[PDB]
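As structure tokens, the structure follows; a few thoughts come after it.
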Amino acid sequence: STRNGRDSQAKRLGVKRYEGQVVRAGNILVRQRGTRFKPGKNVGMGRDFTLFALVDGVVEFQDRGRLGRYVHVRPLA
Amino acid sequence: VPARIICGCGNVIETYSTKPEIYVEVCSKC
Amino acid sequence: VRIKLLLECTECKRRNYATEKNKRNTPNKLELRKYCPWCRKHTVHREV
Amino acid sequence: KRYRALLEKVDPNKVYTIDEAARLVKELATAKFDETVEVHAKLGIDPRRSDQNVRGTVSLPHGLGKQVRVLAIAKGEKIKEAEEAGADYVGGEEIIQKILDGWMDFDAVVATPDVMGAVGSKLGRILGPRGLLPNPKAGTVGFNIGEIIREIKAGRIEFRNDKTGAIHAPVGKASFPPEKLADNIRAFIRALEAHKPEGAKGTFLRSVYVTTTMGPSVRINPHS
Amino acid sequence: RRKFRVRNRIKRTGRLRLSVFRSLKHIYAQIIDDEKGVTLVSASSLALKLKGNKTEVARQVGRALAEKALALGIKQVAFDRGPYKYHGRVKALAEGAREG
Amino acid sequence: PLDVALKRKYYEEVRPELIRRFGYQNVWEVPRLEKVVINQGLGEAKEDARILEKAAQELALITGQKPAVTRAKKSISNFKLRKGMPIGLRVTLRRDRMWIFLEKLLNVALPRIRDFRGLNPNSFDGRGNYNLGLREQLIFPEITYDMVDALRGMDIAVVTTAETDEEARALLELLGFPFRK
Amino acid sequence: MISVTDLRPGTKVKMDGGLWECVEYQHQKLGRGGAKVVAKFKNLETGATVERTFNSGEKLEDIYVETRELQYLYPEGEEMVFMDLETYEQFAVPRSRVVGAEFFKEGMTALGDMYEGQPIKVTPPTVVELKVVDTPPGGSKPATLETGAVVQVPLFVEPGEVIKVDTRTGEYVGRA
Amino acid sequence: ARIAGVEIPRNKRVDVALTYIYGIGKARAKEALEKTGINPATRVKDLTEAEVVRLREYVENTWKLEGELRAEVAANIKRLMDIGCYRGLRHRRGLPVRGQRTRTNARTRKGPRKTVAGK
RNA sequence: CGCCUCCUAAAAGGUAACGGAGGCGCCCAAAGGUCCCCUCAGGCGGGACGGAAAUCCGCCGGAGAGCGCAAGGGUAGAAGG
RNA sequence: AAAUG
RNA sequence: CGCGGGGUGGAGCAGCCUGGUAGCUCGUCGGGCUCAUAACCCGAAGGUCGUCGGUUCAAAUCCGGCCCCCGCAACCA
Ligand SMILES: [Mg+2]
Ligand SMILES: [Mg+2]
Ligand SMILES: [Mg+2]
Ligand SMILES: [Mg+2]
Ligand SMILES: [Mg+2]
Ligand SMILES: [Mg+2]
Ligand SMILES: [Mg+2]
Ligand SMILES: [Mg+2]
Ligand SMILES: [Mg+2]
Ligand SMILES: [Mg+2]
Ligand SMILES: [Mg+2]
Ligand SMILES: [Mg+2]
Ligand SMILES: [Mg+2]
């Protein structure tokens, strides 16, 4: 007779498009709770903090020291 | 507005505040 | 909830609705705001 | 006599349509002062059924004015909101002393919960059977006192069923612009209809009229 | 450990900032293009001499930055100034189709 | 009013000494007055409708600056009143309001204070600033005994660009601040 | 609709159209049969009790008879009115459902069993203060209290004197 | 009507109004008015700034009182905090010190009551 | 017995047990938009009633505060006031 | 009405 | 080994869901009535709310771990 045995259906978080991968405008690039990663160039983020491409291009992960981490998208030039 | 400090220990004080009709029953005389 | 309660909004003499949720007890005792109707555009809007 | 030539202005058999009794309700009242248009209606309920009593107010589109002295009994700067609202009389548990001993020159009485305690505790039996005491249902209690006070001036009046199973309530003045009172009436009905005690068997509004402060009372169809 | 936050900028998403500076005696203003870290157009206050009102002086350096700008391709920008408070000193200059 | 009896004294009677005293180099660098604060806790925003504005129109009646109604930041069970609004009254004096005030205080106020045998000399300490309290509020001229339903003490805090106490001490001392010495 | 295995004294529920409150609860599972819940109840208005038994399944139907604190205001008809010193609502309770409605007082704070915003039991405190406005200055004499009721008191207790009276026995329990 | 130490009496004759001071008994008050030739019967609510001032003159310097006398006496009583003057060893234990009956009464120097049981 | 959080879960995701440990069935007409402002908790002084934090002043304090509620990620170049 | 030593 | 409820003045019970309130009866000590003792009348004192944690602005109360408490079960072999 216990008092536990509970949990929540996993949510499958994290980067969902890595640096150098080609996307299309719309692709959600990152799923995360806080803001582990922040919007960048052509990268708006959503209500739930979900970063998503804003234009067809590639993904770049700029690490900005104590300024956080960024995910940009340099469109195809 | 300016004012006047009319103690009792003589000594009047011309300065400012409100109502130049002040009966300071005891200025700096103790 | 109970003190909560559901409710919508009527375009003032007519149809359409919004259906939000008032909140009894606290800021209550009736309530209306401005919102856009499927027909024409923007007006007040009462509960019911 | 004098009402005879005054009573002929009513078809005892007929059923009017608000409007019908509107042009009329003005020809019905004639006095040496502005008569207030009263309204009565035998609602279908039982007093003895504690639940079915009807206590509710309504903000009117037309009519009703500062023809009332409201007292806001509160603590804090609530007073500031109240006084700025139009609180003829202001002051908490110090004004209770005014009223408690003699004083009595107002109509309404708003208040704040925080100081509400002492009120009904030491004012219960006085203004209690007077219906003046602050009651939520009859929205004269609370903190948003602002709108509250500011509103008992625009057009919000109470109306609690009596013991006979009837309810009455002034819908406006006699020299009122034609379609105003007639419109001011539906406002009163639509709100009282909107308050039907869940277990009220039979037909609700059974007898609804349109009277004048002094005289004639033309019964109408409360669905007109 | 930081007096005023500013960053009314930082909220700069739309390219080409009209970066202003409120000096006690003068006023400078440059049309910076980040994502490149280069200043495309300047035009300072007393670093051009000009009149002696202060605000009427700004108005000038404004029209001076606009005219200069335009003839470079510029025509669309975004205002700024940290403690800009967008008041008095405002340079609601003609030209420069950046609106506002 | 841009100038007062004390203001002058500072400039042409204190300014000199301090310099000659500690030997300052730059003009500025020598002790000046920044601001003198006067607040009241009251703690009386309890029941009975705590108006206590009289204490506000008064605090300022002797100052000439309607005070700022501070409120409780946290909330305390122990002594009723909590979470917000309730109590708090305080005004900040600068420039000329600062001078035309300290004068009276030092000339007419401090004088009549029950016993008052000078101002406790420890209230400085590391503070290039000073602090002191008053029980009554009638210690001032602009207000009489009759008009004031209840009493009302208050705290007076003078801020100084002084870094040391000696610097602060001397200054307030050359100004006229009596001292429990 | 809560089952029984999940009852606890204090739980209020609706049985036989009436209001109760489990006051005794004991899970019983002897032999290899199915479990059983054997409780004892109390009506909320009448005192009547009744021990009963249920299987593991059987659901009951929880009720919401919370007990706020009301307040007397004034008499009217054969009823008396109170108020929840909380939301200040108005309750017109019929003399019957007001335990010891007499020996009360137009302004005293008592307790009521709110069942859908309508008290079905209004009790004052075991003993309340009341001003005797009667009695001959003459020992164990009758004394009409300000609420019209009468009570037996000693001598010294004379007109105007406020006393105490156990609202359960209406007996003089001392003076104010 | 603030006198020595802003202690303010009023609306009644000065004679007794002075009494309303810790250091002014009916005596020092009747010997204080003739020494400035004022009318005893006069209501404090009327008297030349001079009458009041030269009044606050005497009073304050004529004798040390309230505040300074008040406080002072406590110190008087302190000194009896020597090593054990029987006049102090009664002051330490809130009890009369002028030889008063102690079995009974002596209440005024011992708060209300403590009772306790019997034998 | 459905839902959320953390661990187990073996550095992508996912992953069991009558494994460990907690939450929810709501709530806000401002606790929502937007625009402009402000920066905390604590700590050492310093101060009338004033605990040990009521209100005030001075420094020191990058986040230990806060963000309605569990926990987690998040966050003062605000998501806080 | 009203116990005991 | 589980199943539910209980530890509150000296005794026996309220109060706990609906957090800001210690309610009752007896007992105790003081004082009267009596020659005296009861009774009876007058008045008073007394509760870490089992403990140790946590939640809250605050807890007897809400939350957990323990300690004692009372009652119920332990069946098919
Ligand atoms: Mg499981
Ligand atoms: Mg599992
Ligand atoms: Mg899982
Ligand atoms: Mg998980
Ligand atoms: Mg599912
Ligand atoms: Mg992991
Ligand atoms: Mg994994
Ligand atoms: Mg701090
Ligand atoms: Mg401190
Ligand atoms: Mg304190
Ligand atoms: Mg302190
Ligand atoms: Mg602290
Ligand atoms: Mg005894």
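By order of appearance in the structure tokens: chains A, B, ..., then residues from 1 within every chain, and ligands from 1 in the order shown.
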
Quick one: everything within 9 Å of segment 20-22 of chain K, counting only C-alpha atoms (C1' of nucleotides), minus sequence neighbours fewer than 2 positions away in the same chain. Send it as a PDB file with N, CA, C and O atoms (P, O5', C5', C4', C3', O3' and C1' of nucleotides), in the first residue's frame.
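Below is the file result_16.pdb, written as the result:
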```pdb
ATOM      1  N   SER F  77       1.254  39.469  10.740  1.00  0.00           N
ATOM      2  CA  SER F  77       0.193  38.965  11.584  1.00  0.00           C
ATOM      3  C   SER F  77       0.341  39.627  12.938  1.00  0.00           C
ATOM      4  O   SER F  77      -0.544  40.362  13.370  1.00  0.00           O
TER       5      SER F  77
ATOM      6  P     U K   8      -5.284  15.431  25.755  1.00  0.00           P
ATOM      7  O5'   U K   8      -5.409  16.751  24.862  1.00  0.00           O
ATOM      8  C5'   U K   8      -4.350  17.710  24.807  1.00  0.00           C
ATOM      9  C4'   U K   8      -4.881  19.102  25.092  1.00  0.00           C
ATOM     10  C3'   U K   8      -5.666  19.286  26.393  1.00  0.00           C
ATOM     11  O3'   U K   8      -4.849  19.536  27.550  1.00  0.00           O
ATOM     12  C1'   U K   8      -6.852  20.268  24.575  1.00  0.00           C
ATOM     13  P     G K  15     -16.582  19.481  17.951  1.00  0.00           P
ATOM     14  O5'   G K  15     -15.776  20.857  17.912  1.00  0.00           O
ATOM     15  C5'   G K  15     -16.442  22.104  18.139  1.00  0.00           C
ATOM     16  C4'   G K  15     -15.444  23.237  18.208  1.00  0.00           C
ATOM     17  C3'   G K  15     -14.406  23.273  17.097  1.00  0.00           C
ATOM     18  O3'   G K  15     -14.897  23.873  15.897  1.00  0.00           O
ATOM     19  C1'   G K  15     -13.349  23.606  19.201  1.00  0.00           C
ATOM     20  P     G K  47      -1.658  27.722  32.135  1.00  0.00           P
ATOM     21  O5'   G K  47      -2.392  26.591  31.276  1.00  0.00           O
ATOM     22  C5'   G K  47      -2.090  25.203  31.465  1.00  0.00           C
ATOM     23  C4'   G K  47      -2.476  24.390  30.238  1.00  0.00           C
ATOM     24  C3'   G K  47      -1.860  24.804  28.903  1.00  0.00           C
ATOM     25  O3'   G K  47      -0.568  24.232  28.707  1.00  0.00           O
ATOM     26  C1'   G K  47      -4.197  24.503  28.640  1.00  0.00           C
ATOM     27  P     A K  58       3.809  33.622   8.474  1.00  0.00           P
ATOM     28  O5'   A K  58       2.780  33.295   9.657  1.00  0.00           O
ATOM     29  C5'   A K  58       2.832  34.004  10.903  1.00  0.00           C
ATOM     30  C4'   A K  58       1.522  33.862  11.659  1.00  0.00           C
ATOM     31  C3'   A K  58       1.006  32.442  11.817  1.00  0.00           C
ATOM     32  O3'   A K  58       1.610  31.869  12.974  1.00  0.00           O
ATOM     33  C1'   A K  58      -0.759  33.874  11.101  1.00  0.00           C
ATOM     34  P     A K  59       2.088  30.334  12.955  1.00  0.00           P
ATOM     35  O5'   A K  59       0.742  29.557  13.264  1.00  0.00           O
ATOM     36  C5'   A K  59      -0.118  30.002  14.301  1.00  0.00           C
ATOM     37  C4'   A K  59      -1.243  29.028  14.472  1.00  0.00           C
ATOM     38  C3'   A K  59      -0.802  27.604  14.787  1.00  0.00           C
ATOM     39  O3'   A K  59      -0.482  27.407  16.189  1.00  0.00           O
ATOM     40  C1'   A K  59      -2.311  27.605  12.955  1.00  0.00           C
ATOM     41  P     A K  60      -1.645  27.301  17.321  1.00  0.00           P
ATOM     42  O5'   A K  60      -2.241  25.833  17.162  1.00  0.00           O
ATOM     43  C5'   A K  60      -1.791  24.743  17.971  1.00  0.00           C
ATOM     44  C4'   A K  60      -2.867  23.682  18.053  1.00  0.00           C
ATOM     45  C3'   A K  60      -3.459  23.278  16.712  1.00  0.00           C
ATOM     46  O3'   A K  60      -2.644  22.280  16.087  1.00  0.00           O
ATOM     47  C1'   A K  60      -5.203  23.721  18.273  1.00  0.00           C
TER      48        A K  60
END
```

Quick one: DSSP strand (DSSP E or B) residues in segment 24-143 of chain F, as a PyMOL selection string?
chain F and resi 33-40+68+89-93+129-134

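Among the candidates D:171, D:115, D:58, D:210, the residue lying nearest to chain F is D:115 (atoms considered: only C-alpha atoms).
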
Find the residues around residue 2 of chain B up to 8 Å (only C-alpha atoms (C1' of nucleotides) counted), leave out those fewer than 4 positions away in its own chain, and share them as a tab-separated table (two decimals) with N, CA, C and O atoms, in the first residue's frame.
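Output (selection20.tsv):
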```
chain	number	residue	atom	x	y	z
B	14	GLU	N	13.38	86.52	11.59
B	14	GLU	CA	12.80	86.80	10.29
B	14	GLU	C	13.26	85.73	9.30
B	14	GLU	O	14.43	85.67	8.93
B	15	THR	N	12.33	84.87	8.90
B	15	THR	CA	12.63	83.78	7.97
B	15	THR	C	11.42	83.55	7.10
B	15	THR	O	10.74	84.51	6.73
B	16	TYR	N	11.15	82.29	6.77
B	16	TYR	CA	10.00	81.93	5.94
B	16	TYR	C	9.35	80.62	6.38
B	16	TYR	O	9.97	79.79	7.04
B	17	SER	N	8.08	80.46	6.00
B	17	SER	CA	7.23	79.29	6.28
B	17	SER	C	5.78	79.71	6.01
B	17	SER	O	5.44	80.15	4.90
B	18	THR	N	4.91	79.56	7.01
B	18	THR	CA	3.52	79.95	6.85
B	18	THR	C	3.06	80.70	8.10
B	18	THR	O	3.31	80.26	9.22
B	19	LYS	N	2.41	81.83	7.86
B	19	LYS	CA	1.86	82.74	8.88
B	19	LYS	C	2.91	83.38	9.77
B	19	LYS	O	3.30	82.82	10.80
B	20	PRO	N	3.39	84.57	9.39
B	20	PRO	CA	4.40	85.37	10.10
B	20	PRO	C	3.91	85.88	11.46
B	20	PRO	O	4.36	86.92	11.95
```

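For residue 30 of chain I, the residues within 12 Å (counting only C-alpha atoms (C1' of nucleotides), excluding itself and residues fewer than 3 positions away along the chain) are residues 26 and 27 of chain C; 33 of chain I.
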